[PDB]
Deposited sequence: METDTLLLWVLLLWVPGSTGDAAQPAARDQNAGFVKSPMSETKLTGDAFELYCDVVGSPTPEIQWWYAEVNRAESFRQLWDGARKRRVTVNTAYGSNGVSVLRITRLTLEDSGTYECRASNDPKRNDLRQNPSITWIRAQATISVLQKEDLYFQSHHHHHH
């Protein structure tokens, strides 16, 4: 089985200072890798990988692997510039990390909108 999404991240609107969590759950054989990506504008030139501890540890990534892969992306103390398009990426392609990055992966996107308190 090529990687497939069983749970996808879900768009959400938030207030600055709040926090959000996005979830990802993927199946396949071999077990797929999960990565979280982001772009201000939903276009390939804008997408970059996020990681546990990004943005001075406002960003947290907890990922676990078994038969399936599961992950939560969490961002606290939200700012306006956290708005944009977030993405769970999954692949069990053996060449998936060989240095256009989306070519061997699948993607499932969510929109995050952060509004200013009043």
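Handout entry: Missing stretches, numbered from 1 on the deposited chain sequence and kept in order
Key = 1 to 29, 129 to 130, 150 to 161 are the stretches of the deposited chain that have no C-alpha coordinates in the structure.
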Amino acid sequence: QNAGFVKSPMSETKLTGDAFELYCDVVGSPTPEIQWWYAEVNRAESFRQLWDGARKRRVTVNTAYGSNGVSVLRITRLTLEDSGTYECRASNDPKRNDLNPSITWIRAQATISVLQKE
From here on, numbers count along this sequence of modelled residues.
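Exercise for the section: Would you tell me which stretch averages the higher CA B-factor in the PDB entry, 40 to 48 or 88 to 96? Expected result: Averaged over C-alpha atoms, the B-factors run higher in 88 to 96.
Practice task
Just say lowest, middle or highest third for the CA B-factor of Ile106 relative to the other modelled residues in its chain.
Solution key: Lowest third, going by the recorded CA B-factors of the chain.
Practice task
Tell me, lowest, middle or highest third: where does the Cα B factor of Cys24 rank within its chain?
Solution key: Middle third.
Exercise for the section: Would you mind ranking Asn62 by its C-alpha B-factor against the rest of the chain and naming the third, lowest, middle or highest? Expected result: Middle third - that is where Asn62 ends up once the chain's C-alpha B-factors are sorted.
Handout entry: Position of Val6 among the chain's modelled residues by C-alpha B-factor, lowest, middle or highest third
Key = Bottom third by C-alpha B-factor.
Handout entry: Within-chain third of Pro30 by Cα B-factor, per the entry
Key = Highest third of the chain for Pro30's C-alpha B-factor.
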